[PDB]
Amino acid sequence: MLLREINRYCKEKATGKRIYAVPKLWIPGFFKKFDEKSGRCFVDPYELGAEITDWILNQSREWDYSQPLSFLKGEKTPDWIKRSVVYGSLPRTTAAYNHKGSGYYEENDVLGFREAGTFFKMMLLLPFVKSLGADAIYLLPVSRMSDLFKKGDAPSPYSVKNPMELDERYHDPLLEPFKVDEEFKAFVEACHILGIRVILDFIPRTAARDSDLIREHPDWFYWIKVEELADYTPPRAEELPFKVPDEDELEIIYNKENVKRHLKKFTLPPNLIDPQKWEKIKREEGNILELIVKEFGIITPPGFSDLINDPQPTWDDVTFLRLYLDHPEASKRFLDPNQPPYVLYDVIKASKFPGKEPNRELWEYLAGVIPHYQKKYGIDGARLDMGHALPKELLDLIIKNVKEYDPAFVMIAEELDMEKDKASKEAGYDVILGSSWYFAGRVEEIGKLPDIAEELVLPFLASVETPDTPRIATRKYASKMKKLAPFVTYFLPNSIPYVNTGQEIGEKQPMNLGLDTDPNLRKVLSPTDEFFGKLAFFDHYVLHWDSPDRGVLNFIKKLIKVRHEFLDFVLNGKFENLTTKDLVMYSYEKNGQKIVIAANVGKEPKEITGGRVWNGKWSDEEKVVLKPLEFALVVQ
């Protein structure tokens, strides 16, 4: 058992030399071997790793933890997600920390330590995640990442250079004798022993500009003349709305002069241009894409939105995969004979404008990426990104394959529109993402959440912030909303409590400016802060473990625990909305008993029926008076 091999190894290596820095919150209650100097703590990483793996191993029995927990439990349906509490993380950021204990952060330092996040450290933190009450960890893409066309000094987990491999950067030099796929397998074993499920993320429709799949399948990508790289942009048509075009508009779009110039920028794959040259380079050392640019003067195009007239820039670190061998059926009568394969709004949304020839070989590869992870590591679920673009048959196949191996596997749809619950369920998903974080952070909008949740036909991730949005700690009335918003949101019907990495310690700086974000959030930190202006998605970033918001940490822990003490009401109690202009409120009744969730978002205080009351602490009084921005859980 790998987790045990790593334990053995740490004991051999122990020396008692404390020079590896970690934040005080990473040190569990049972660990005592550490020095405390200047605010931070120092340890022998081998002693820390040995005592923590001991703590985890001693809770195991005699089963195989390298398979889904659904197996050890005998589950045949995905009902488990409805009783779970999710902790969302980007390993690279969550586990980063300057282990030198002085000066500036470094990807790798002179003491031999990897300061960036690793699977080994993600394991040392399991006792912390567990203390938050979470029983499932969701991770952003951890597959191999491209280092071309970056925005900052770190790649985006979303430009997948190889869907079948993990990024070697997640390997920790402290465990020299081990490989990355082992460290990860050992990580998943540790989570299972502790009762913690693992959910990964994948994006089928795209790939890095220099995807590893290019050497053996150059014809799975599109190509354009290098001299056309600089001005490659999605052809606009101002007189048309800002949306994904319908059938009628295609006839107009294809008759535009700029669209016609666009279509003319594409070429045939390097293999079909010069068979001998292809075979020469294909077998050379060096980046596949640099070689092709230099030898064929062609390159893969950057991606872009499938809505015409979208003002967002082009996605330079990714390209699209060629889903069909032929061009879209509904658009063939507009093309010139001999038109090479090209990218346009319709080609991108294959779910709406498909050709008549599925690239069967690619489709099978795609449908075997998740199963590869289920069988190899025993993961319990996954989130599928950009599903809107996949043809119904390719999606039906992707799901049949994971469900065939484990009927308890949970598929999460990257669906932000809560009204698309019905269509997501019809496609075969078990959970939708939703957008509760937008209403949760606005006193004037939070009251809409109760009715929105009740109508759902699938459960959703009840969040107050995610990796793409601003932190709850920076919304209006933060000092109050950072506690009020999660209390109201985590108790909603059909909910799956979501805790974003860093939220539990009150982090302010956003990880990315994606959804509903203001460029000025880029400067919430002090200009003397080492990480001022940095965004975790494209730059090296360490969360503020040394100066945490203890008030938020302590409240999140207690809130999750009380919410779980009443899970039965949330799941099977009859819901009744009681929300007013100035009072968000609702109730659950089950077997003669009743609980009430209440929050005052008005300008004047309000009073309500009492009983046993919770608001961070338990009290007992007949009448409860809620001043503005105060909340309570009443038990009658």
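Just count from 1 along the sequence shown to find any residue number.
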{"query": "Given 49 to 57 and 582 to 590, the range whose Cα B-factors average higher in the PDB entry", "finding": "582 to 590"}
{"query": "Residue range whose averaged C-alpha B-factor is higher in the record, 468 to 476 or 403 to 411", "finding": "403 to 411"}
{"query": "Top Cα B factor in the deposited entry, candidates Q503, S84, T267, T528", "finding": "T267"}
{"query": "C-alpha B-factor winner, where the candidates are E115, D546, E238, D539", "finding": "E238"}
{"query": "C41 by Cα B-factor - lowest, middle or highest third of the modelled chain", "finding": "highest"}
{"query": "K617 by Cα B-factor - lowest, middle or highest third of the modelled chain", "finding": "lowest"}
{"query": "Ranked against its chain, the third holding the CA B-factor of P311", "finding": "middle"}
{"query": "Among modelled residues of the same chain, the CA temperature factor third for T206", "finding": "lowest"}
{"query": "Lowest, middle or highest third - CA B-factor, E565", "finding": "middle"}
